[PDB]
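Presented below, as structure tokens, is a lone chain in the form deposited in one PDB entry.
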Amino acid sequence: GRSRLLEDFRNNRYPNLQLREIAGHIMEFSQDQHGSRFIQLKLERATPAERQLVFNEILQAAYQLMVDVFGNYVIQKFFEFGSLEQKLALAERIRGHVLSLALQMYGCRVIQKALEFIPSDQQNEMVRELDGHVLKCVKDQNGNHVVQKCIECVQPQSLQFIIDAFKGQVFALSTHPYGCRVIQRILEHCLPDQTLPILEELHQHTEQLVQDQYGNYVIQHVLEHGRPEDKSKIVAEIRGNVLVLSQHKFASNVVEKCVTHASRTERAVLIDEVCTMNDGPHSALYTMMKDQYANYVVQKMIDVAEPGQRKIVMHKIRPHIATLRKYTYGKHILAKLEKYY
């Protein structure tokens, strides 16, 4: 199975083995854990002629290496450090196989690497091969990373078909383990005509989204990178619900982002909501202080409050300072207070 050269090599019989000495054996070495390492190492600093010798033996069977547990690394190295002609020739070997590779445990890494290094004409051609398979890829553990890379690297106008597929399914996808990732990449890189519809569906489903295991990240994302009009719509959904959501494992993260990224006015309103509102005998703020998640929202409020408003919070907290010590999460508020005394 293994050639004498490869076996003898794994048996450490060639401490000084050079690329040029494995002529004829590139494919075999590329598919071998140690040989693949040997080649990768040797490549970054090989001479163009050495690099070309290695290339000559992998071009024809390049696909075989792209879906290989060790070979995929040798392909990638050519995309990173090979010549322009070598990258173009590798792209040609991918033609017709993008879907198959994008779903592939190792091939998907080659697709991702290629997207980063090839000219836009080739990028665009790779993308078109996913035409009619958007959701299949977005929902695949290998493929979603490829769709993400496309969005990061490819001209946004060529990605219109991905948008088309998302239209009407933004809620479903935003609560998906992989789809929430792709939605965020879209918000970052896509055109206004493309992000708009997507933002519309996110706004329609904010209540549900802030409480979702994966959806909360998409709403947080808009709060940190979104336009003010989009942040405010989200903030308006949190208003009147500060107490309840900040007690929630997932949504409490979103109320922190609202506190942090809201306008001056919106921030003052959210903090006042829980200084004013009473949860039974005492303030909403006091219930929050004792909560496993809500105690985090309080601290964030102390962090970002205007000095004047911070004084009001500290005053709301002060009367409970000795009782806070009796509560697992209460204790944590005291730690915060030291900083401010």
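Residue positions are given as counts along the sequence shown, with the first one as 1. Under this definition, the rigid core comprises the largest set of C-alpha atoms superposing within 1.5 Å between the forms.
A summary of the deposited B-factors shows that, of 121-129 and 178-186, the stretch with the larger mean C-alpha value is 121-129. Comparing 62-70 with 38-46, the higher mean C-alpha B-factor in the PDB entry belongs to 38-46. Ranking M277, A294, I26, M301 by Cα temperature factor from the entry places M277 first. In the PDB entry, a CA B factor belonging to the middle third of its chain's modelled residues is recorded for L53.
Residue-level temperature factors show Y106 in the middle third of its chain, judged at the C-alpha atom. When the CA B factors of the chain's modelled residues are split into thirds, the value for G215 lands in the lowest one. Sort the modelled residues of the chain by CA B factor and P156 lands in the middle third. When the CA B factors of the chain's modelled residues are split into thirds, the value for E80 lands in the highest one.
One more form of this protein, deposited in another entry, exists but is not displayed; see below.
Fitting the two forms on the rigid core leaves the C-alpha of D272 displaced by at least 2 angstroms between this form and the one not shown.
After superposition on the rigid core, displacement of the C-alpha of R51 between this form and the one not shown stays below 2 Å. Relative to the superposed core, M289 undergoes a Cα shift of 2 Å or more between this form and the one not shown.
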